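Below are two forms of the same protein chain, given as structure tokens: structure 1, then structure 2.
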Structure 1
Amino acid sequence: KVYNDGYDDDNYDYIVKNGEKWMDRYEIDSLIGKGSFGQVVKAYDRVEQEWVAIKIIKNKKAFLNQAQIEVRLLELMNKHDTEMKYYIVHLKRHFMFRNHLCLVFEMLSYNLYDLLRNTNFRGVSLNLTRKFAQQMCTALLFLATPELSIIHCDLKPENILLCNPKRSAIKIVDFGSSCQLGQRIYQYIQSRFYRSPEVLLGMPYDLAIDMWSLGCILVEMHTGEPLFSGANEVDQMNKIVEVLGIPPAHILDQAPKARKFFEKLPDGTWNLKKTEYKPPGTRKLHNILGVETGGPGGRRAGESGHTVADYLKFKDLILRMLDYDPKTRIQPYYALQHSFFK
């Protein structure tokens, strides 16, 4: 008949009403987001006198406990980034309201997927891509702080938002899938397009998987399309192989799930299993980027900052971010000193 005395639905979510006023403070405007966790709502904070984004968790033990883990990591990051200069979203406070946990985040603008949708998935400039890349590398450097050692674990364009609609400033959002460095508990992780080869191969992983995802994201911001748009793990691995070639022998020998995508021969070398795809390493990033042909689809020809010299610096940085080996894959600190950021 009713769930939580008529405040909830069958999905254990709060029935958001327009114009409702919680706790003589938050004035609820409208629903701005939906998810597995629950819902996200735009509201005016009458005490602080500002708009805020409130994430309302489902009235259910599982999501509550997972959200408290998120609350712990957000509050941990906030005490190390008190001046808010490392581009992580700010959890302002949290409260319980009619059995729902409510996280109050700051109000931000469009996500980077909405930005790509406005271009009809043709992408943004190398200059705007540089400003996003600088910011994400700074954010990843902050996550590498040894007391934090946080893996976001689900970096993608929809989890990167702009601060203001008329500025380039960004903040990373959604630490629900995030964890700190540790022993391996989880294996099916990250969104598929931005999923590192070590995750796909069932190998050990650390903070380098976020640098993989970043590499995939920065190409997508410029071209407009995902770099590796795999419909499944096999297709995902084959689309990586097209660009980067077959992974090294020493990695595949140490991979529990190598046989899912590859086939060891009598001589000891690894080929692809036939499931169609270009041969290994023949869909070059050089040609995807259009280094010499005026950028993606020749659309940047004649634009300032879109020369062969400029494109090579971006190309080089990305191939270091998309390094197959996570132990020699570029780190936030060195990535920030790359020629591309001069």
Structure 2
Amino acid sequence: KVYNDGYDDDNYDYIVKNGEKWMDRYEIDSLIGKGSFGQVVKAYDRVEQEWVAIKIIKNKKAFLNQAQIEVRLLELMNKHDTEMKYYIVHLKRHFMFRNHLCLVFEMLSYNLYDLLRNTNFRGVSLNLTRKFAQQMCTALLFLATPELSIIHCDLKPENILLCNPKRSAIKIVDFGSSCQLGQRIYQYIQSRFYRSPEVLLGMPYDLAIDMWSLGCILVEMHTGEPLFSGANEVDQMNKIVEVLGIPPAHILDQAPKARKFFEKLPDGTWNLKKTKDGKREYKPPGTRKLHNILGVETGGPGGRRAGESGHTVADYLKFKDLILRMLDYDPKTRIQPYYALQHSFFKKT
């Protein structure tokens, strides 16, 4: 078999070649990214005298049709004319090339997972975590403007990128899974660690799922490790329950997949699904306190911030309150961008 007259591999990806020139314009430097969507490459745009990131979508109907949605939303966001539009990556243009839809993005710096990794997963400071938190909240507010109503659907450290290596300004990338509040088309969405209870439970979802993901992200940026690191859905839900307890009955009562994780007693309350021969793996519900994970009264996560400025007890207590409001089980009462921005965690110095 030869795929796409030899230009593609067996997984519908374009065989990237360092040094190649496309359409007398783009010089391909190297692969910088790879996912289910396809690939991302670093490239120099001769015409515009600048570096770009080119997202090369897979040559297959299903992936193309999704990227067309991605392009529509990217263009709709970039088009919008408030100054909040610059927490979102800029889609410069797109084009078809050897049967691949290619999206051209401005060149940003590296992502927040790479940033975590540069400090050997010690975490970044609470001061820097705050700056990310403020910008992300402001960006989620943009996405909430009624004319947009976009759900990113895959927030995680990897999809938040620094603008410049030496500064805190960030932008959100990868709207390849995104949708608007009307036209939702998938039930199994978000990366697992950052997946909301509503999605785990098979319930309808709105823009609040991104705020859940942000809660999880912000904690991980400061501790250096994922808050809820499930190997599968059942593990994931169980790890959430360790920190936040059994979700409220009014939600589980409307949850198509409640019985995947939970069981309903005669009296109308819910427990975790009962386990084989009692073998214990999880901490009892609500026992793994965020208060201890963050190290609120014990010098920060792992004790590593003891006797540093910008990491007081009062600072942590604020941060913890914000995060708990972000991880509200109920998407109707979970904190929303406008009100998150008014939180005491952000208040001026």
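By rigid core we mean the largest C-alpha set that fits within 1.5 Å across both forms. By convention here, residues take numbers in order along the sequence of structure 1, the first being 1. Shifts are known only where both forms have a C-alpha.
Colleague: Using a core superposition, identify the member of 81, 225, 206, 158 whose Cα displacement between structures 1 and 2 reaches 2 Å or more.
Modeller: Only 81 moves by 2 Å or more at its C-alpha.
Colleague: Once the core is superposed between structures 1 and 2, does residue 184 show a C-alpha displacement of at least 2 Å?
Modeller: Where the cores coincide, residue 184 still shows a C-alpha shift between structures 1 and 2 that is 2 Å or more.
Colleague: Core superposed, what is the CA shift for residue 116 between structures 1 and 2, in angstrom?
Modeller: A shift of 1.4 Å.
Colleague: Taking the rigid core as the frame, how far in Å does the Cα of residue 306 move between structures 1 and 2?
Modeller: Residue 306 C-alpha displacement between structures 1 and 2, core-aligned: 0.3 Å.
Colleague: Pull up the moving segments between structures 1 and 2: at least three consecutive residues, every CA shifted by 2 Å or more, rigid core held fixed.
Modeller: 1 to 6, 81 to 86, 182 to 186 are the stretches that shift between structures 1 and 2.
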